[PDB]
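Trainee: Have a look at this one before I ask anything.
Using ideal geometry, Cβ is built from the backbone for each residue, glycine included, and neighbour counts are taken over all protein chains shown. Just so you know, all these numbers are worked out from the coordinates, no wet-lab data involved.
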Amino acid sequence: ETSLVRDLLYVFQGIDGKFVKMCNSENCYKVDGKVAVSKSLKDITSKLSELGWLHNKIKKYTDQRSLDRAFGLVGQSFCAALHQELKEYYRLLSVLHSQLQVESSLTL
Amino acid sequence: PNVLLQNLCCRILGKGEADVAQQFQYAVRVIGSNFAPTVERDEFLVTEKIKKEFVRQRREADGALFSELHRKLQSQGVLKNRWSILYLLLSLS
Amino acid sequence: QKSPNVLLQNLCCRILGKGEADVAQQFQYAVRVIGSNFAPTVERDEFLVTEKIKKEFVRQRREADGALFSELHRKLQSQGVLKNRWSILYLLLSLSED
Amino acid sequence: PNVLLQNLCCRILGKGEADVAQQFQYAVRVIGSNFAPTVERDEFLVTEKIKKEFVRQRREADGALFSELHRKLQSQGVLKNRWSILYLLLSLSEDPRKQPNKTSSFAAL
Amino acid sequence: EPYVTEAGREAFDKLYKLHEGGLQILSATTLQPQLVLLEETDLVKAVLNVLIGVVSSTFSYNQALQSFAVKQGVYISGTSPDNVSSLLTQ
Amino acid sequence: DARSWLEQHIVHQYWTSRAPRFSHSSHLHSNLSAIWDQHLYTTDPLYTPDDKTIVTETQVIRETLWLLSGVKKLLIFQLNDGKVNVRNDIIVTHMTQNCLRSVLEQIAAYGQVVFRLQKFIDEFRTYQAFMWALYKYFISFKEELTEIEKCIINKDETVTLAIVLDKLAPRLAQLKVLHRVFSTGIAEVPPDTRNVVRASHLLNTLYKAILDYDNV
Amino acid sequence: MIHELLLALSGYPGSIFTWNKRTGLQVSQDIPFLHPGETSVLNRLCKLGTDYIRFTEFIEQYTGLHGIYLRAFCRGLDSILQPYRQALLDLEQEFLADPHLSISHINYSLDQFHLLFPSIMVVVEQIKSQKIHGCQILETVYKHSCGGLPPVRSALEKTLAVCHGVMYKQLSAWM
Amino acid sequence: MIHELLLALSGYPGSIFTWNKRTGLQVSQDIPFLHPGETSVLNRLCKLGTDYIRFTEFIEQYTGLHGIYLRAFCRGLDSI
Amino acid sequence: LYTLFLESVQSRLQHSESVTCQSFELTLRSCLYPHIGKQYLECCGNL
Amino acid sequence: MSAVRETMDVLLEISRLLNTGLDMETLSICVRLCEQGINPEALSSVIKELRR
Amino acid sequence: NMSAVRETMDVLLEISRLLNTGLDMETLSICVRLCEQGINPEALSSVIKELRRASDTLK
Amino acid sequence: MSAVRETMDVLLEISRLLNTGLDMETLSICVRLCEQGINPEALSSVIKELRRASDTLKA
């Protein structure tokens, strides 16, 4: 329960945490490996998977951005511009993780 | 209760203790008829409203900061009727 | 985990051949013994102890065993995960037999 | 003797002025068992044990110094209680090589 | 916290009293020497008098040497540790 | 009682164990050494739990600040003049013993040099006036010593590893460049003939150094 | 978590932060209490301290092959690491102001420096795998500051400016 | 410490600052509740008040061999 | 000659930032080489 | 007490951001009332009339 | 880490067999840990020896 | 009392060279004990037992 709640924070950052997902490149779908979990709160983490899936595609364009300074002048200055709004994504994530540690609700 | 209510009239009007009488009766009546909250208690609704307001004025940077600061208010663990205070600030913008 | 007492209980249990509580009395005895004041005999030289062990092998005519041990000492030192080698060498010294 | 032996029990532990009761009563019992020594007096013989010990631990320089200090000691004032003092320092003599195992992990047993 | 160096005078005073005590046990006399209050500003007035050749309550004039005599003990000696006991004599 | 007053108003002892020792803090990030040490005691069945002198935050750092412009300290197991090395049991509350050593050895070397530079101070004139230029420069490093000494004695002291060691951080580099000039200067001083060559090849490393540094 | 990583970012090694000097870096996370998700991102911040200690080694080696413009670019480049290091102690107080922050705060502050740090480290490595020295370091960094990324192109004009200033000294005396 | 270190500096014996005639004035070794580390520098601070009363003795012997220039050297050094 | 040197160094630095001087210490020696001259030409006059 | 200061600081900063026209003393008073379970609606209503 | 404990266990195990002993490796592994937890070599020897005295009598 | 101060400075040199590990205050207690008469064996025996005891109590 609370463990899926830490684990969606790791998938908003787009880098697989607690469980193996076997996905990062057609969604990000969590696998708990049980039938006893409901699929009414694993359907919610398939909406939280598609926010993290579409995240890693902006990060990986910026990983192809690292060049000595080859092709384009505008070509890495564009991806520069996509790194600013990406920084802000990370700012809405820093208030979420702070909700998790014991100090309204922590629900999904 | 009474002393605090009076001190408020005194402070905002910048006038002394027995010079606030007429307003003092108005506040006691308005407060007396609607003393307690009539709406559910739910911190989340207010934080969303405060954040839509910032969105509405495209003062998004002050909005982002406001979330950090609200989290800080919660984490300290000192207040209990956080919602009401935030709703009072929001009403006064 | 690896506290002095736990480590001693494991010794008693397996050696006597019985359960944890059947070796309970010898466990009490053991603790009394360890907690006896003993003053270090080794406050110097890893070398001098190694020499005594080598002397034990020669003394029993187990020369081949001393030839191999000498090489093995050099290895023991080299991996060096033991920071109280000397103590171990003394323990082994007292357990020397034919 | 009681105020002196006691104050030793407080200082050694560095703490406790009645929490050192156990150690006091114990010190008193120990002192109350009658030891007899191997050699009583002679300044030269105790001084010699300290010189040989010096050589043995590889603190040869210091051993050289100790002799100057010994002579000095007589001149600042003559002792009648020296053998016993010089012994006490002897029994507390240590080697500059090696540690005595752990004695801060030994408490847990 | 502070160590003695930073800790002003008091810490040093408590230390001096403890240290002297340590030595004081082997020496046996009728009564052990103890402090008798003067303040540091009261010492500078007893010395103002001894320059003209008048006694205070730390000086006892001796006709036998035609000289003055200060307290020899652990008599308060400022906050110095029995240093004024030798310095004030000069 | 003089002893109970001394125990309260001066920091608990670290050269002796007679007065125990601050080893708590209330966050969950500052007990790091105990958890890390625990993790190892669960993880390696061969672990020696190292015996460690507890500090007592920002008192090992004032004693490194002593060293850096003054005398040797016996909470540092230094040996000879060319070896000034770190005691093998000092820890700070909220850092790993391995991690902490790694820094104590940085600033160990920057006090290694200051102890060497002091070892040249003894009580021709060219060679005396070069030694006195080193020492005239020292009163401006001891001038800083009392600056940083007043920040840490104050309550709340609000100094630590990362904001104490930035104030002396340009002077730390100015003493590093004292070292190369003087290490390559003297080398004919222990073999025979001082006569002209001690003065001349010590003017020469000085002259190379003002050409190397000023003109770049 | 936080204070060992703040100072492994300044380039002082842990043993839960293994660094084996100039052949590589191993991240060294076998840590129970830090989650497999919070340690995975912690490796992403670690790569940015690997490139930070591959850069300071080039400082201390050439201020202390031959050329006055190797060490003039060394006093240009420290000025650019001056807000990097400035940010390292402002974070020290960030974890003292409240203790309700974790490493998500460290991911957020360090992306601004993430667009500086491989991109300048590749510039000096390209200088040094060709073994470029003299006035043509300045032409090398000029054809890099002709490049893109809006922070880096302003930064390398500052690193160009202190050792072009050393150029300016020769031809002022020469004239 | 503060007035107490001025009067060890004049060279005059203290209790904490023992005089041993072999060495001049020196701080006594390893005094509890003071770390040993601060006394080493303190020994050096005593070394300027030790040589200073090794100095007044060079004065007072010839003031208050023989030589009219001995006591002229006393009035040379007093301004130092 | 030592005092004269400091004064000719001091007045160039104060007349701050050293950037009016270039480059930099050998310029200060080549002011001192005329300080030697005024003694070297004037000793040779009495000869 | 320490905690309470820090809390008043957050509250003052939030107030500034929301440009409400409350200072420290009026806000402390407002907080003490709210904490007693006062209806914020009614309270805002009084405060606006008091500012007029 | 798993390799390191094992290599160590092995060098000791060759040496033990050479001086002869009825002991298994597992008890020998404990002894290293007891030494590593400190403890004077005479206390360690006495307890080991004593256990062996007790075993032999018992069976 | 003048006498009492001189002896302790020379005495502290031997004890620190020889490794004994007694501070000033304690070194004064033993000198008292030896002057009032004590068997030397007892005095060494207690000091060693108190020391061993103290380190364990603390830890």
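Trainee: Would you point out the residue of segment G:142-162, among those that are over 19 Å from residue A:83 (Cβ atoms) and charged (D, E, K, R), that is surrounded by the fewest Cβ atoms within 10 Å (Cβ to Cβ)?
Mentor: Within segment G:142-162, the match that is surrounded by the fewest Cβ atoms within 10 Å (Cβ to Cβ) is G:143.
Trainee: For segment A:63-108, give me the residue count where each residue is at the interface with chain G (Cβ under 7 Å from one of its Cβ atoms), touching a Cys at 6+ places or on another chain (Cβ under 9 Å) and either closer than 27 Å to residue G:37 by Cα or among the β-branched types (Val, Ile, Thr) (or both).
Mentor: Residues in segment A:63-108 being at the interface with chain G (Cβ under 7 Å from one of its Cβ atoms), touching a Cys at 6+ places or on another chain (Cβ under 9 Å) and either closer than 27 Å to residue G:37 by Cα or among the β-branched types (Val, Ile, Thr) (or both): 0 in total.
Trainee: Please list, ordered by first then second residue, the pairs with beta carbon atoms under 7 Å, 6 or more apart or interchain, first in segment D:43-72 and under 18 Å from residue L:13 (Cα atoms), second assigned to a loop (DSSP other than H, G, I, E, B).
Mentor: Hits for this filter: D:53/D:93; D:57/D:95; D:57/D:96; D:59/D:96.
Trainee: Here's something else I'd like to know. Among the residues of segment A:23-42, are any within 14 Å of another protein chain (Cβ to nearest Cβ) and of a type in the set (A, V, I, L, M)? Even if it seems obvious, please write down each step before you answer.
Mentor: Restricting attention to segment A:23-42, the residues satisfying the condition of being within 14 Å of another protein chain (Cβ to nearest Cβ) are A:24, A:28, A:30.
Narrowing further to those that are of a type in the set (A, V, I, L, M): none.
No, segment A:23-42 has no match at all.
Residue-wise test of (1) closer than 30 Å to residue E:12 by Cβ; (2) outside any loop (DSSP other than H, G, I, E, B); (3) of a type in the set (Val, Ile, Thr).
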{"site": "F:36", "(1), (2), (3)": "no, yes, no"}
{"site": "F:57", "(1), (2), (3)": "yes, no, no"}
{"site": "F:64", "(1), (2), (3)": "yes, yes, yes"}
{"site": "F:73", "(1), (2), (3)": "yes, no, no"}
{"site": "F:99", "(1), (2), (3)": "no, yes, no"}
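Trainee: Name the residue that is nearest to residue G:43 (Cα to Cα), counting only residues in segment G:94-111 that are more than 22 Å from the chain's Cα centre (by Cα) and in a loop (DSSP other than H, G, I, E, B). Write out each step before concluding.
Mentor: Here is the first cut: in segment G:94-111, the residues more than 22 Å from the chain's Cα centre (by Cα) are G:95-102.
Keeping just the survivors that are in a loop (DSSP other than H, G, I, E, B) gives G:98-102.
Values: G:98: 24, G:99: 22, G:100: 22, G:101: 18, G:102: 15 Å.
Filtering first and then ranking leaves G:102.
Trainee: Same structure, new question: Tally time: how many residues in segment D:85-109 are in contact with a helix residue (DSSP H, G or I) (Cβ under 9 Å, 6 or more places away or on another chain) and either on the phi > 0 side of the Ramachandran plot or within 14 Å of chain K (Cβ to nearest Cβ) (or both)?
Mentor: Initial filter on segment D:85-109 (in contact with a helix residue (DSSP H, G or I) (Cβ under 9 Å, 6 or more places away or on another chain)): D:85-95, D:98, D:101-109.
Subsequent filtering for residues that are either on the phi > 0 side of the Ramachandran plot or within 14 Å of chain K (Cβ to nearest Cβ) (or both) retains D:98, D:101-109.
The total comes to 10.
Trainee: Here is a follow-up. In this structure, is residue F:27 away from chain D (no Cβ under 14 Å) and either within 30 Å of residue C:1 (Cβ to Cβ) or assigned to a helix (DSSP H, G or I) (or both)?
Mentor: On the way: away from chain D (no Cβ under 14 Å): yes; either within 30 Å of residue C:1 (Cβ to Cβ) or assigned to a helix (DSSP H, G or I) (or both): yes.
Here the answer is yes, as residue F:27 does meet what is asked.
Table: residues versus (1) closer than 30 Å to residue L:5 by Cα; (2) of a type in the set (S, T, N, Q); (3) over 20 Å from the mean Cα position of the chain (by Cα); (4) surrounded by 12 or more Cβ atoms within 10 Å (Cβ to Cβ).
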position	(1), (2), (3), (4)
D:36	no, no, no, no
D:47	yes, yes, no, yes
D:52	yes, no, no, no
D:66	yes, no, no, yes
D:89	yes, no, no, yes
D:92	yes, no, no, yes
D:96	yes, no, no, no
D:99	no, yes, no, yes
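Trainee: Collect the residues in segment K:1-32 that are in contact with a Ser or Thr (Cβ under 7 Å, 6 or more places away or on another chain) and within 7 Å of chain C (Cβ to nearest Cβ), keeping them in residue-number order.
Mentor: Within segment K:1-32, K:19 is the sole residue that qualifies.
Trainee: Filter segment L:6-59 down to residues that are of a type in the set (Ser, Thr, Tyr) and more than 11 Å from the chain's Cα centre (by Cα) and give me whichever is surrounded by the most Cβ atoms within 10 Å (Cβ to Cβ). Give the derivation first.
Mentor: Taking segment L:6-59 first, the residues of a type in the set (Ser, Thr, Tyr) are L:7, L:15, L:20, L:26, L:28, L:44-45, L:54, L:56.
Checking the rest, the ones that are also more than 11 Å from the chain's Cα centre (by Cα) come to L:7, L:45, L:54, L:56.
Details: L:7: 17, L:45: 17, L:54: 19, L:56: 15.
Here the residue is L:54.
Trainee: Report yes if residue I:16 is more than 16 Å from residue F:215 (Cβ to Cβ), assigned to a loop (DSSP other than H, G, I, E, B) and either away from chain G (no Cβ under 14 Å) or of a type outside the set (A, V, I, L, M) (or both), otherwise no.
Mentor: Values: more than 16 Å from residue F:215 (Cβ to Cβ): yes; assigned to a loop (DSSP other than H, G, I, E, B): yes; either away from chain G (no Cβ under 14 Å) or of a type outside the set (A, V, I, L, M) (or both): yes.
Considered against the rule, which asks whether it is more than 16 Å from residue F:215 (Cβ to Cβ), assigned to a loop (DSSP other than H, G, I, E, B) and either away from chain G (no Cβ under 14 Å) or of a type outside the set (A, V, I, L, M) (or both), residue I:16 comes out as yes.
Trainee: Of G:84, G:69, which residue is over 17 Å from residue G:109 (Cβ atoms), in a helix (DSSP H, G or I) and aromatic (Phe, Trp, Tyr)? Please lay out each step first, then the result.
Mentor: Details: G:84 fails: over 17 Å from residue G:109 (Cβ atoms).
Of G:84, G:69, the one residue that is over 17 Å from residue G:109 (Cβ atoms), in a helix (DSSP H, G or I) and aromatic (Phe, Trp, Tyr) is G:69.
Trainee: Which is acidic (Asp, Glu) and touching a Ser or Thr at 6+ places or on another chain (Cβ under 9 Å), of B:40, B:48, B:17, B:53? Talk me through it step by step, then tell me what you get.
Mentor: Details: B:40 fails: touching a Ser or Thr at 6+ places or on another chain (Cβ under 9 Å); B:48 fails: touching a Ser or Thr at 6+ places or on another chain (Cβ under 9 Å); B:17 fails: touching a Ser or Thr at 6+ places or on another chain (Cβ under 9 Å).
Of the residues listed, the single one that is acidic (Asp, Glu) and touching a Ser or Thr at 6+ places or on another chain (Cβ under 9 Å) is B:53.
Trainee: Quick one: in segment A:51-90, which of the residues that are among the charged types (D, E, K, R) and loosely packed, with under 13 Cβ neighbours inside 10 Å is nearest to residue A:12 (Cα to Cα)?
Mentor: We begin by selecting, within segment A:51-90, every residue among the charged types (D, E, K, R); these are A:57, A:59-60, A:63, A:65, A:68-69, A:85, A:87-88.
Retained after the next criterion (residues that are loosely packed, with under 13 Cβ neighbours inside 10 Å): A:57, A:60, A:63, A:68, A:85.
Numbers: A:57: 13, A:60: 15, A:63: 18, A:68: 30, A:85: 15 Å.
The extreme case among them is A:57.
Trainee: Let me ask another. For residues that are of a type in the set (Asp, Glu) and exposed (fewer than 10 other Cβ atoms within 10 Å of the Cβ), scanning just segment I:13-42, find the one that is farthest from residue I:3 (Cα to Cα).
Mentor: Per the stated criteria, the residue is I:17.
Trainee: Give me a count of the residues in segment G:133-175 that are assigned to a loop (DSSP other than H, G, I, E, B), within 22 Å of residue G:118 (Cα to Cα) and of a type in the set (A, V, I, L, M, F, W, C).
Mentor: Residues meeting the conditions: 2.
The rows are residues; the columns are (1) in contact with a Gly (Cβ under 9 Å, 6 or more places away or on another chain); (2) outside any loop (DSSP other than H, G, I, E, B); (3) more than 24 Å from residue L:5 (Cα to Cα); (4) within 14 Å of chain H (Cβ to nearest Cβ).
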| position | (1), (2), (3), (4) |
| --- | --- |
| E:44 | no, yes, yes, yes |
| E:49 | no, yes, yes, no |
| E:55 | no, no, yes, no |
| E:58 | no, no, yes, no |
| E:72 | no, no, no, yes |
| E:77 | no, no, no, yes |
| E:85 | yes, yes, no, yes |
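Trainee: Something else now. Return only the number of the condition from (1) buried (at least 17 other Cβ atoms within 10 Å of the Cβ); (2) out of contact with any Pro (no Cβ under 7 Å at 6 or more places or on another chain); (3) over 30 Å from residue K:9 (Cα atoms) that residue F:102 does not satisfy.
Mentor: For residue F:102, the exception is condition (2).
Trainee: Going by the conditions given, is residue E:27 outside any strand (DSSP E or B), over 21 Å from residue H:5 (Cβ atoms) and over 16 Å from the mean Cα position of the chain (by Cα)? Before the answer, list the steps.
Mentor: Values: outside any strand (DSSP E or B): yes; over 21 Å from residue H:5 (Cβ atoms): yes; over 16 Å from the mean Cα position of the chain (by Cα): yes.
Taking the combined requirement at face value, the residue satisfies it.
Trainee: Also, quick follow-up: Can you give me the number of residues within segment G:54-84 that are small (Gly, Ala, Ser) and closer than 15 Å to residue G:138 by Cβ? Break it down into steps so the answer makes sense when it comes.
Mentor: Of all residues in segment G:54-84, those small (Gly, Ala, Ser) come to G:64, G:67, G:72, G:76, G:79.
This time we only want the ones that are closer than 15 Å to residue G:138 by Cβ, so: G:67, G:72, G:76.
Count: 3.
Trainee: For segment E:1-35: of the residues being in contact with a helix residue (DSSP H, G or I) (Cβ under 8 Å, 6 or more places away or on another chain) and β-branched (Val, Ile, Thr), which is surrounded by the fewest Cβ atoms within 10 Å (Cβ to Cβ)?
Mentor: Restricting to residues being in contact with a helix residue (DSSP H, G or I) (Cβ under 8 Å, 6 or more places away or on another chain) and β-branched (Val, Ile, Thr), the top hit is E:25.
Trainee: Which residue, of G:70, G:65, G:81, is in contact with a helix residue (DSSP H, G or I) (Cβ under 7 Å, 6 or more places away or on another chain) and not polar (S, T, N, Q)? If you could, list the steps in order and put the result at the bottom.
Mentor: Numbers: G:65 fails: in contact with a helix residue (DSSP H, G or I) (Cβ under 7 Å, 6 or more places away or on another chain); G:81 fails: in contact with a helix residue (DSSP H, G or I) (Cβ under 7 Å, 6 or more places away or on another chain).
The match here is G:70.
Condition check ((1) touching a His at 6+ places or on another chain (Cβ under 6 Å); (2) of a type outside the set (A, V, I, L, M, F, W, C); (3) more than 21 Å from residue A:70 (Cβ to Cβ); (4) more than 11 Å from every other protein chain (Cβ to nearest Cβ)) across all residues:
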| position | (1), (2), (3), (4) |
| --- | --- |
| G:116 | no, no, no, yes |
| G:123 | yes, no, no, no |
| G:135 | no, no, yes, yes |
| G:142 | no, yes, no, yes |
| G:146 | no, no, no, no |
| G:152 | no, no, no, no |
| G:161 | no, no, yes, yes |
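Trainee: Now, a different point. Under 16 Å from residue H:36 (Cβ atoms) and either surrounded by fewer than 18 Cβ atoms within 10 Å (Cβ to Cβ) or more than 16 Å from the chain's Cα centre (by Cα) (or both): which single residue out of F:83, F:72, F:52 fits that description?
Mentor: On the way: F:83 fails: under 16 Å from residue H:36 (Cβ atoms); F:52 fails: under 16 Å from residue H:36 (Cβ atoms).
Of the residues listed, the single one that is under 16 Å from residue H:36 (Cβ atoms) and either surrounded by fewer than 18 Cβ atoms within 10 Å (Cβ to Cβ) or more than 16 Å from the chain's Cα centre (by Cα) (or both) is F:72.
Trainee: Please verify whether residue A:8 is within 12 Å of the chain's Cα centre (by Cα), within 14 Å of chain G (Cβ to nearest Cβ) and not polar (S, T, N, Q), treating the condition exactly as stated. Even if it seems obvious, please write down each step before you answer.
Mentor: Working: within 12 Å of the chain's Cα centre (by Cα): yes; within 14 Å of chain G (Cβ to nearest Cβ): yes; not polar (S, T, N, Q): yes.
It is true that residue A:8 is within 12 Å of the chain's Cα centre (by Cα), within 14 Å of chain G (Cβ to nearest Cβ) and not polar (S, T, N, Q).
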